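The form solved without uridine-5'-diphosphate (UDP) is given below as one chain in structure tokens.
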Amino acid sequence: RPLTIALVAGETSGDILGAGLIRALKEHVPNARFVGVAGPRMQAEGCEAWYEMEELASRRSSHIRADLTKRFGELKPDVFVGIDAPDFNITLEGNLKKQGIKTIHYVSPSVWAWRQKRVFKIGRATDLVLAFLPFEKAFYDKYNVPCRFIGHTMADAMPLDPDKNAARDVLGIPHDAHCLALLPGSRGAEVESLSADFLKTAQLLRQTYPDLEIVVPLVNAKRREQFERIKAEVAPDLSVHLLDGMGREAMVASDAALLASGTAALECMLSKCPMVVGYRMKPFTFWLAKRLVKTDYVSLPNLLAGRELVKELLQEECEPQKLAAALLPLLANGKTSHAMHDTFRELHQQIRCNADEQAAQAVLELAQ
């Protein structure tokens, strides 16, 4: 049997990675066979599409993963490559590993692996992880998880020395003018807050550069409508170039870029465009996340007790079946409930000090 590779991609970006992998492999093994969940580019390179990538871009997903667990198990491919899409591929990679199939996960699932347990899962599910960036490999090295640093595909696609004048000709920007790119972000929460402040920033810069060109790449129609509506109020008399996409051209053309996304900062770096990164998130949200990172807890009872006195179910674990399972023993109103009751009473006593009087004493001691 010729080399048989199973592939799963769940987004256009995965389809691009998959197509490039298939071509490079065919240079070494022109008789290789490719099958799995393929997008149009992977199919163009010859991947048999048991399912279309669009079908993964919940109940249907579960059924597909079950069917693929069965069929790949029967096929016994030489290698299975999960291309990103970790919510789908990590579990699938684990099911196939259970059957002795060699698995690779392509792209570090940084957002998905939000706690240590998920790092362990990646290690159990894969024989190797492919990471775009060096600090991602260093991360997995600390966990004894085999990881190969392969570089970033966007660095292969973008030249070391891009042509600023060419990008300006495409966008219609004069070569003698200073140019500022505003990238308020791709997500909604980002655009709302940061759009107004980015516009105000440009207004301030116009006082120094009265002929400053301002280019705003907008990723889709909804995001465009959002930015226009914000600009109508904040700065209706500010002239800017609103673009449909074309963020790469805007960055290559500009003399500086104001970015919301620390992720788009990579493409800005490869564009050789100096940048400033401004970002805001809800303080309450950041405080809660930081509390979890620093203590592994989120609720005050557990911080006061120093253990998981109270059951905390977070992120994917905050799910009806698990919540109900955690509440049943407590609704019983039996021994375990009385034990928690007693502990709550001790903690209550520990923080019951007549705070009003304490505060008054502290004032008086500082005053004397």
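Numbering starts at 1 and follows the sequence shown.
Unmodelled deposited residues between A57 and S58: 10 or more, per the record.
On average the C-alpha atoms of 225-233 have higher B-factors than those of the other stretch, with 225-233 and 109-117 being the two compared. Stretch comparison (120-128 versus 189-197) by mean CA B-factor in the PDB entry places 189-197 on top. Residue set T263, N165, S271, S254: peak C-alpha B-factor at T263 (per PDB entry). Highest CA B-factor among the listed residues (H152, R148, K294, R248): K294. Per the deposited record, the Cα B-factor of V8 falls in the lowest third when ranked against the other modelled residues of its chain. In the deposited entry, the Cα temperature factor of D161 sits in the middle third of values across the chain's modelled residues.
Per the PDB record, residue ranking by Cα B-factor puts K311 in the lowest third of the chain. Ranked by C-alpha B-factor against the other modelled residues of its chain, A332 falls in the highest third. Placement of the Cα temperature factor of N144 within the chain: middle third of the modelled residues, per the deposited record.
Same protein, other form: the form deposited with uridine-5'-diphosphate (UDP) bound, not shown, and the subject of what follows.
By the criterion of a heavy atom within 4.5 Å, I150 is excluded from the residues contacting uridine-5'-diphosphate (UDP) in the bound PDB entry. Contact annotation for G247: at least one heavy atom lies within 4.5 Å of uridine-5'-diphosphate (UDP) in the bound PDB entry.
Although the partner is absent here, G82 sits far enough away that none of its heavy atoms falls within 4.5 Å of uridine-5'-diphosphate (UDP) in the bound PDB entry. In the bound PDB entry, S186 approaches uridine-5'-diphosphate (UDP) with a heavy atom inside 4.5 Å. Listed stretches are 101-109, 114-122, 262-270, 137-145; the contact stretch with uridine-5'-diphosphate (UDP) in the bound PDB entry is 262-270, by a heavy atom cutoff of 4.5 Å.
With the partner removed from view, the residue among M275, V219, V170, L205 that has a non-hydrogen atom within 4.5 Å of uridine-5'-diphosphate (UDP) in the bound PDB entry turns out to be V219.
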